[PDB]
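Beneath this line is the structure, given in structure tokens, with notes to follow.
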Amino acid sequence: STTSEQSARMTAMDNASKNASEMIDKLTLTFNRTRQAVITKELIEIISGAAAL
Amino acid sequence: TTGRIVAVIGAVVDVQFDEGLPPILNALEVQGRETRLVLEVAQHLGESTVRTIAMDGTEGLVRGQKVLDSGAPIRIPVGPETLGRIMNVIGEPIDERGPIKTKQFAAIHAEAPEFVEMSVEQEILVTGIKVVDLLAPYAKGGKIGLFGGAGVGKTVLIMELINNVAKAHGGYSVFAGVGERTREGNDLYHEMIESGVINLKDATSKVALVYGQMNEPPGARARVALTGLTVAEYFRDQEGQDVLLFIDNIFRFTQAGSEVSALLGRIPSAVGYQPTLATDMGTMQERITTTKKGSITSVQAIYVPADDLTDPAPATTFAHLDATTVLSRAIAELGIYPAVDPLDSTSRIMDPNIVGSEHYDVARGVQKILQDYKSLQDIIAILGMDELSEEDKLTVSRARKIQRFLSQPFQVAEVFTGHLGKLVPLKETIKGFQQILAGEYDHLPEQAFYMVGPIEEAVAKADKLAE
Amino acid sequence: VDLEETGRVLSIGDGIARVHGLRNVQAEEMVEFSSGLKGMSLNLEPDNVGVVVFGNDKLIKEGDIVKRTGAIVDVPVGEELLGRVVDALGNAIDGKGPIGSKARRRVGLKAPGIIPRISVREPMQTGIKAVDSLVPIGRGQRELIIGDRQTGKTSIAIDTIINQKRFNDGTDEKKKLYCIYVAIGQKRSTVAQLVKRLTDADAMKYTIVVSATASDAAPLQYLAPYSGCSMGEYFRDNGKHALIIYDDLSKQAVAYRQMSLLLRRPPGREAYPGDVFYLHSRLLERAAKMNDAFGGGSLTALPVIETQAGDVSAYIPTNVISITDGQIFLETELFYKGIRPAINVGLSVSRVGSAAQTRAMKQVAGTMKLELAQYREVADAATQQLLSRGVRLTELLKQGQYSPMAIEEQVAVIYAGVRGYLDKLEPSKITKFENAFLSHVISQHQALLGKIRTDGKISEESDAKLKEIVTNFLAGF
Amino acid sequence: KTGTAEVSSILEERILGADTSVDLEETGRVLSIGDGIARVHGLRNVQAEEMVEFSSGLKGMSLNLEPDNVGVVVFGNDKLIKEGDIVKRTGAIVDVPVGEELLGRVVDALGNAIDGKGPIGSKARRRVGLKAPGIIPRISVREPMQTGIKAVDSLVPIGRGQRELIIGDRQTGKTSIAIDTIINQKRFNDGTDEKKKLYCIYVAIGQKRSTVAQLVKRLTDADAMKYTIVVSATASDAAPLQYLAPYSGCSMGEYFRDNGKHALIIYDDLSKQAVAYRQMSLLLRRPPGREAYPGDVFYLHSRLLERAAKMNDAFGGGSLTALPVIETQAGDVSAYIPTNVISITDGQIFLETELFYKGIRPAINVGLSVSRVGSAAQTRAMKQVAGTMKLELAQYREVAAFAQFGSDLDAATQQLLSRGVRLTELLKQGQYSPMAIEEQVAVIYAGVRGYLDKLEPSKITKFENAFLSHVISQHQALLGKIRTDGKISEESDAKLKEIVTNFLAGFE
Ligand SMILES: Nc1ncnc2c1ncn2[C@@H]1O[C@H](COP(=O)(O)OP(=O)(O)OP(=O)(O)O)[C@@H](O)[C@H]1O
Ligand SMILES: Nc1ncnc2c1ncn2[C@@H]1O[C@H](COP(=O)(O)OP(=O)(O)OP(=O)(O)O)[C@@H](O)[C@H]1O
Ligand SMILES: Nc1ncnc2c1ncn2[C@@H]1O[C@H](COP(=O)(O)OP(=O)(O)O)[C@@H](O)[C@H]1O
Ligand SMILES: [Mg+2]
Ligand SMILES: [Mg+2]
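Chains as they are written, first to last, in the deposited numbering: chain G, 220 to 272; chain E, 13 to 479; chain B, 23 to 401, 411 to 508; chain A, 2 to 509.
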């Protein structure tokens, strides 16, 4: 039982790390999109304020 | 023609020409200047006024100074006498070795070759480097992106490419350093002098350097890539040969363009880049092609902001790249050189229709075996080396031999490796990797493949170290 | 100086000249500058005229003389353009002589209304098994090709163009398709190589190529799609069939964003103006399918979009997905893995072309689609069977490059695959079987394929003979 | 359209021919004044960045020369300036005094003493806007700039003529790195070796006056003012003074560089010079860019930092190291100014708060820190020990995740964890207690040869202490040999082995 339990824990941790890696990839893509969008939004606000004087 | 400076806002100078206006992109020289100041026109505001971006510091200018219209855009000295000479964007030498004497001058604002001055067939540029020529061949007249850029061998690789291209095909080379640190610029000058690609004595140089410094105004760092392109276009057209053009860095090219666009008073676009980003990049990258006379193969060092591959700068440059090289810190640790990541490197012409079926199959087999070894390394780290089959230990051995054989000794690094540089032709590389994959050399030791030229050198090394 | 039919450039810079004069210039009219360029008069203002220059602003100077041509922006159209490359204004750039065309069409002409059109009833054959069986494209449809950097979209377009030769070499005037390839913001090297590839496949004699490469000013890239669409509308309205391929429609969006920002317009989401949706719908609403009271012609459209890191819910991809009649999602993961064309049949749909698909292909591809759908949901007994069959089909739909297939060969191959004849063949050898099998049927048994093509269905006798052929061949492989 | 000089007063003057009695060449009349920006009419013969002087005794820098008017930025409160005032040319671009007469003096951005110790000597003047050297005067960085900090000197070496960058968050130790670097140079300045003396300049942009006063007290306590200049541009100073102070410091250091000596300038903090320039540019109605910063802000920092050079012997051989300090926010080194200055400089000392509170003060985060000069800026002995230390630390950083587990892992990772923990406890340092290079090399040599693999980590910080005193008292000949010689000779290696074993053989 202990042999099989340790093997199963190794397999489960491998799968959990793989799933966390996929989720990290997706969230990194989302974070890059959001960061660029925030930069553009703030810059457009500044531009509109400057041109609206 | 003579005009007057009417305004001076930062690096932007508004001039007024009572007689006749100079067309856009011309260069105007400010008269009454201790050091040559050149202003590039960029707008026609009306009322005979033009707005110009300055190529040098505008401090000390007075509303009214006379400005002389040259009549043509920035014209630089191009020829065989620029080889081994540093010169800034406006063509003035900055290495203090006297004037660049030439009988030719070229305007830096030219147009891409027309649709009929274009080679219709792809080609391959043989650089004499195993990894580059096998897993990521460099298309002739195609842009190559180069990643890494930190103590991994970028400069030694650049110098080796220069030497091989000037030794194999005999073409020269240009090194346009956009936004170049002066410390690293001087270091590079001296590394070239030591390795031999520049010769201050006998005039047998192989590189023309063009430095747009990092403390020049934004209007100068944005145009040095064009000065380098002009110096290379001379060799392409007039000399009718294949040239190399190293642009380091290209992100700095886009960034300087962005700064100029902001200074002129233009609304930024996506991530605060110039609204003309795509065209500003295209007008340059479209002059690096394979005309019917010669060709220019460019090598852009590339920096990815925030490690974001979708940032407008690399998202726009990657549209132009025709290949890719990825120097990796993780491979210089292993003592493999050049530290080119065999798997992350990419090429567009790695296609059986272009590079040939045998080359394509050898490259695909090498990539597959390297991926297999990469996968097996996890098993080795966890379950231990014993767990392998016998049709997997064999693949591990073959992949280690292939990794060793992909390393090479450079002619410009004989003071780092103690060996003698090798310029491996293409057929030699393909045959060597075909033989290693077939298993013809499974009886040799792995270290017999480390840092050797063709495969026969591996055989000789095995004999010399075993006997 | 005639200040009615002529004006003087008040201020050049940004690619938007301000002219003073031209008091009788119509909105959206084309004017000609002294140097040689041409422009379009956007903003008719009280005191000046904002002319967007179709070229490089370097050539224009303050003081130059602008002369109105007298006609709205239009391009030369006709049969005379087939086999020629042309810039965005219809001026040849392949150096084979003057274009010489008799008819000129407006690039801003409006799309046909609701009554001229009619449902899509004819198939547009692409010779790509994955596209032809799973996401069929009819004639008059607008089927977006959306993908990433290097995933094989221009390959889909060029395989379609090269495949149309079976029909453009025959005599049936009702099947001939005239192709148009609009290249926007794209390396000129690529355009030249593509034109050579077409000339080598004898596919230029019925193909127009409109170029607006990356070295061409923004207005030319913004105007190339409309020039191409007018060149195609000529055939559509003259009772013939055309197929226009805009490539890409995201480079046009970037060019239009540059044009708008340089005009100081309010940037929106991702700095794109508010007109981008209008910019693209105005263009893709012209790919209609006229009814027989208007000629019966058609104009298919295959816009190409390059997502960024696989983001399909971006702004421009979503606009063009809200404009078009389907999708062909090319997945980069599949492409790098080894599947090519890397079509992600899960997310790729064709709303309209499903009813235009050919009966012979219809019946076989129906069961192919069901089998692939079942396989998609399980990736013991039935599970193992589904995995095996799905892998067989997936390896069956892999295809070479620049080697399109006639519909009959696709029918034969997919029939062999879906009826379980390869259920014992090892999954790797399927391609080796496929490329071999075709040769057999492409040599000895031309009568069967010809009968299938003519009858337009897999009749029971055709079914039996095809069964015999496939089983006998599989016996000796 | 409209102009700012079309006000009815100017037109009134010009209509009735009253514009000929006014000298609109060397004098001007203020059209507008607000938020520290004056718009002046006249001054037709005024140069860009020239200094004008208002009637009320104030100064200003004329930045925006437009067709109608001149945009002057005032060097002080615009309380005293009123519309209609009279502004006179000074004739000369802004310059500052330079020389050894400034050492030990606190000055403001314009070279005026503010410590009340009397006038400033000042024999020579120098323009703050002078082009840096070129490709040719320089030569490769070779000499080391002894920071006196074990981490910085071992794993992030700083040469002379190099532009490092102390980038970090708020309250992590950046000013402490700078002050320890300044204080460690006393052992060289006191001595007689004339090519090791380093003169220090501390530019304090945007800090409150109490902070600078405490800092000056700290330097005086350590007797490290007699070779230090401090250039204060505190928060109450007008934006132009905060903008200029880095350039005044850089010119006061360029003097030493040109005259064969060696200088170290610590632009602390550059992210506040960027803010001051941003304010000036926005109030001059210049087109903003990302984050509202003007377009030419990369230019602003590059033309400043590219004056840190290592001149060659044909020019004097002097040098000017730069240690710009930038305060990142959360941890965003991808922001605008952090990005610019990371792309301008030659390295970066990257500080953390996680490390600061985990007990690893100074919080230098190795792995993210880098020095593109590297071993070229190290002594032979420091090279010898630091190569192994860096290799071992790199091995330790990729298995540090297991630290909590540790046990139930192979012996190799056990050894890696143990050695890494000992080495990190070695790199810990006090505050304002720099170390000579011989002391650092002795300590790291003891650490990286396994002679601490028996001591418990909690005791290492004590060992390091006591051991050091031992060698600093009993064994001065060996330390002097290592110092002057510069390397560890085989005899010296044996002596270090014996010393470390003898001291460790009885510690407890
Ligand atoms: N069916 C296929 N089989 C094998 N390889 C293919 C196939 N289709 C495309 N490729 C490969 O993919 C590469 C890029 O193809 P393609 O140009 O069609 O993609 P793209 O999206 O048009 O590229 P870009 O986005 O750079 O214009 C080609 O070099 C080709 O070798
Ligand atoms: N190595 C060290 N050992 C002990 N204390 C330290 C060390 N380094 C810094 N400190 C303490 O941490 C506190 C903050 O340090 P310091 O002010 O130098 O960082 P800082 O980033 O300059 O702060 P700020 O940037 O906000 O001015 C100080 O009170 C200092 O005494
Ligand atoms: N072929 C090679 N043989 C030996 N050493 C090499 C080779 N290529 C790179 N290196 C090593 O890489 C280091 C960095 O070199 P270089 O690329 O010139 O600097 P940078 O990467 O900063 O441009 C050098 O110290 C050199 O020893
Ligand atoms: Mg394409
Ligand atoms: Mg501080």
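All residues carry an ideal CB built from backbone N, CA and C; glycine is no exception.
query	result
Given a threshold of 16 other Cβ atoms within 10 Å of its Cβ, counted over all protein chains shown, does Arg171 of chain A qualify as buried or as exposed?	exposed
Using the rule of at least 16 other Cβ atoms within 10 Å of the residue's Cβ for burial, across every protein chain shown, is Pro98 of chain B buried or exposed?	buried
Give me the residue from B:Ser344, B:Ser237, B:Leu265 with the minimum Cα distance to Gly250 of chain B.	B:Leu265
Can we count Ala331 of chain E as close to ligand 1, meaning its CB is less than 8 Å from some heavy atom?	yes
Name the residue from B:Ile38, B:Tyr358, B:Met253, B:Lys463 whose alpha carbon lies nearest to the alpha carbon of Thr322 of chain B.	B:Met253
Taking buried to mean at least 16 other C-beta atoms within 10 Å of its own C-beta, is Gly481 of chain A buried or exposed?	exposed
Return the CA-CA distance between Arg45 of chain E and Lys155 of chain E, expressed in angstroms with no decimal places.	39 Å
Does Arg228 of chain G come within less than 9 Å of chain E when only Cβ atoms are used?	no
Please go through the same chain and pick out, in chain order, the residues whose beta-carbon is closer than 8 Å to the beta-carbon of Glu104 of chain E, but skip the five residues on each side of it.	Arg48
So within the region 350 to 412 of chain A, which uninterrupted alpha helix (DSSP H) runs reach at least 4 residues, ignoring any that extend past its ends?	355 to 358, 381 to 398
Buried or exposed: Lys227 of chain A, going by 16 or more other Cβ atoms within 10 Å of its Cβ?	exposed
Does the distance between the C-beta of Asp170 of chain A and the nearest non-hydrogen atom of ligand 5 fall short of 8 Å?	no
Taking 8 Å as the cut-off, is the beta-carbon of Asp333 of chain B closer than that to any non-hydrogen atom of ligand 5?	no
Closer than 7 Å, Cβ to Cβ, to anything on chain E: give me those residues from the region 220 to 252 of chain G, in chain order.	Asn251
Comparing the CB of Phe299 of chain A with every heavy atom of ligand 1, is any distance shorter than 8 Å?	no
Using alpha carbons as the reference points, say which of E:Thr291, E:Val74, E:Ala327 lies closest to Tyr315 of chain E.	E:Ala327
Tell me which residues pass a beta-carbon proximity test against ligand 4: closer than 7 Å to any heavy atom, given in chain order.	B:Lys175, B:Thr176, B:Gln208, B:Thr212, B:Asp269
Give the range of the beta strand (DSSP E) segment to which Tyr462 of chain E is assigned.	That residue, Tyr462 of chain E, is in no beta strand (DSSP E); it is neither H nor E in DSSP.
In its own chain, which residues sit with a C-beta less than 8 Å from the C-beta of residue 409 of chain B, not counting the 5 before and 5 after it?	This model leaves out residue 409 of chain B; its place in chain B lies between 401 and 411, and no residues are given there.
Using only CA atoms, which one of B:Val107, B:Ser272, B:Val71 lies nearest to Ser63 of chain B?	B:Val71
Using a beta-carbon distance cut-off of less than 9 Å, what residues from the region 285 to 302 of chain B approach chain G?	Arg286, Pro288, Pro289, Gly290, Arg291, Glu292, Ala293
Please classify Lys439 of chain E: is it buried, with 16 or more other beta-carbons within 10 angstroms of its beta-carbon, or exposed?	exposed
Could you check the C-alpha separation between residue 12 of chain E and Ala309 of chain A for me, to the nearest Å?	Absent from the model: residue 12 of chain E. The displayed extent of chain E is 13 to 479, so no value can be given.
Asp333 of chain B versus chain G: which residues are under 8 Å apart at the beta carbon?	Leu248, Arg252
What residues in the region 194 to 212 of chain E bring their beta carbon closer than 9 Å to a beta carbon of chain A?	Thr194, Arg195, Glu196, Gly197, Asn198, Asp199, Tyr201, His202
When every heavy atom of ligand 3 is checked, does at least one fall within less than 8 Å of the C-beta of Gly161 of chain E?	yes
Enumerate in chain order the residues of its own chain whose CB-to-CB distance from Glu14 of chain A is below 7 Å, with the five nearest sequence positions on each side excluded.	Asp20
When you check each C-beta in the region 221 to 249 of chain E against every C-beta of chain A, which residues fall closer than 7 Å?	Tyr223, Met226, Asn227, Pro229, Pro230
Ignore the nearest five residues each way along the sequence and tell me which others in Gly77 of chain A's own chain have a CB closer than 8 Å to its CB.	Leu59, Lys60, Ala239
Okay, do the region 254 to 271 of chain E and the region 240 to 248 of chain B touch, 3+ Cβ pairs below 8 Å being the bar?	no
At a threshold of 8 Å, does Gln432 of chain B count as lining ligand 6 (C-beta to nearest heavy atom)?	Ligands in the displayed structure: ligand 1, ligand 2, ligand 3, ligand 4 and ligand 5; ligand 6 is not one of them.
Among residues of its own chain, excluding the 5 on either side of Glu26 of chain A, which ones have a beta-carbon nearer than 7 Å to its beta-carbon?	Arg45, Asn46
Closest to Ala93 of chain A by C-alpha separation, out of A:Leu104, A:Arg128, A:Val74, would be which residue?	A:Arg128
How far does the alpha helix (DSSP H) with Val298 of chain B in it extend, from its first residue to its last?	298 to 306
Measuring only the C-alpha atoms, how far is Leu435 of chain E from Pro149 of chain E?	15 Å
Please list, in chain order, the residues of the region 326 to 342 of chain E that have any C-beta partner in chain B closer than 8 Å.	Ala327, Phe330, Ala331, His332
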